[PDB]
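Working notes, structure below.
Computation of the quantities below employed the complete heavy-atom set of this structure, encompassing side-chain atoms and omitting hydrogens, waters and symmetry-equivalent molecules. Here is how names work: the chains are called A, B, and so on, in the same order as the sequence lines, proteins then strands, and each is numbered from 1.
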Amino acid sequence: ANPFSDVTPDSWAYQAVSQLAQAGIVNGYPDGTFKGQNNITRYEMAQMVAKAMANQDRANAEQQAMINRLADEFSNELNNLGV
Amino acid sequence: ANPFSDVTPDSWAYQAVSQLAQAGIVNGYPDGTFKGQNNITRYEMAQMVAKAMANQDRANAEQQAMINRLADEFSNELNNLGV
Amino acid sequence: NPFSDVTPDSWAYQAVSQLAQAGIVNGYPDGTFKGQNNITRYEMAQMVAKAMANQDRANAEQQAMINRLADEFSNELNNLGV
């Protein structure tokens, strides 16, 4: 539940956002976010998910499915952000 | 407007925050932000505006007027941020 | 304003400095603690919130530092959902 606990590189959600960054759908994230094996806070993840949701129409159907699932997973932080 | 939708370089607000960065009033933003002509999210723009409203003592009369206009234009995200 | 500054003179800046050195605070921008630059209350609060998320790493006085930071940045932490 804690918004500044971590999401780890071995998790589905980390790998999802990292792959959406590979795709250019996630862009504009703080430099070094995907560097090495550093965790990402749920709050930072949610910002990346919110931006992907705004760039949603450019995703393939599989990526749209990833965004949909991420949006559920981070709904509490997304609501905090006004999304 | 979604808080993580994009503000484009043609918008008054984009150009104003870029000018405030050149002047030093907006500082401490992500590197990359004003290099070239890439979009900035409303949420990041709002963080830059909040910073300038904190730094508004540095501003000349015309810059203070710009900042006031910006705080209006991003009032929704500024309210989310607690500004 | 959550984006008003915290200076390097401040107890709070130095405490998060110390906790980052201790490894309790991580994942902050690279230029955060260098060049004697101020930190916004917003970025301070994010680091404090990681310190709370990791508070089981801290000893008694580091916990006391975390507790004091959590009070100091309570408004920003609330806005962040913490």
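- Of the inter-residue distances, the one linking B/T41 atom OG1 with A/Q47 atom CD reads 8.0 Å to the nearest 0.5 angstrom.
- Heavy-atom distances place no part of A/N27 under 4.5 Å from chain B, backbone and side chain included.
- With a 4.5 angstrom heavy-atom cutoff, B/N76 does not touch chain A via any of its atoms.
- Summarising the geometry of B/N80 relative to A/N80, their closest heavy-atom pair is ND2-O, 2.9 Å, with the distance given to 0.1 Å.
- Heavy atoms of other residues, nucleotides or ligands lying less than 6.0 angstrom from CG of A/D10 number 12 at most.
- Closest heavy-atom contact between B/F4 and A/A54: O-CB, 3.7 Å.
- The shortest side-chain heavy-atom distance between A/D31 and B/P30 does not fall under the 4.5 Å cut-off.
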